[PDB]
């Protein structure tokens, strides 16, 4: 569809210096919209957009920035969300609804899943166009669960996944191969003691890379 059709041109733009020309924002913003609708993704392009906004303040677009941040969150445990934050100055992070979105992201990063779903205005406008947003968040939660639990109450897992019906819960248990025993078996103890990072860490290389320009 549209994402695949724009992909080549955007990739070429990102390979050169035109990526620094704000005249190309109209094209990059439509690209972001397509990522949301088709549930496609391109971090490099999104960071380039944020960079263009930081360098050309008058072009700052609230909706596109919010979608970039929300999509970044759908990519946790990766460093996407943190990198985007590095590309938005304090003044803009403090503006509605960027402030609210960062707050929600904070709940996810700190793994307060119940609090996340509670604070999440389910009927939020920006979320409607972001296809698969809720399920993507669940994948991250299951990633964390697979690392931090050996066994877990069936009721608790459904709560953490956003208050799912038993039928919906079954979908996620099936996806990661979890099965009920007496509780849901997640991991053996000897396997659980292995240290596994919950979220990826940024470093000098990745950060200096985006800070270069």
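Positions refer to the first chain, counted from 1.
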Checklist line | Residues of the deposited sequence that sit between residue 183 and residue 182 yet are not modelled | finding: 1 to 3
Checklist line | Higher-B stretch (mean Cα B-factor, as the entry records it), 17-25 or 191-199 | finding: 191-199
Notebook entry, point to check: As stated in the PDB record, which stretch has the larger average Cα B-factor, 126-134 or 78-86?
Noted result: 126-134
Item checked: Out of 176, 59, 41, 31, highest CA B-factor residue -> 176
Note to self: According to the Cα B-factor stored in this entry, which of the following is highest: 102, 73, 119, 142?
What the structure shows: 119
Note to self: Lowest, middle or highest third: which one holds residue 167 when the chain's residues are ordered by CA B-factor from the entry?
What the structure shows: middle
Check: Taking the C-alpha B-factors as the PDB entry records them, is residue 63 in the lowest, middle or highest third of its chain?
Finding: middle
Checklist line | Relative C-alpha B-factor of residue 150, binned into the chain's lowest, middle or highest third | finding: highest
Note to self: Please say which third, lowest, middle or highest, residue 50 falls into when its CA temperature factor is compared across its chain.
What the structure shows: lowest
Notebook entry, point to check: Within this chain, which third does the Cα B-factor at residue 160 fall in: lowest, middle or highest?
Noted result: highest
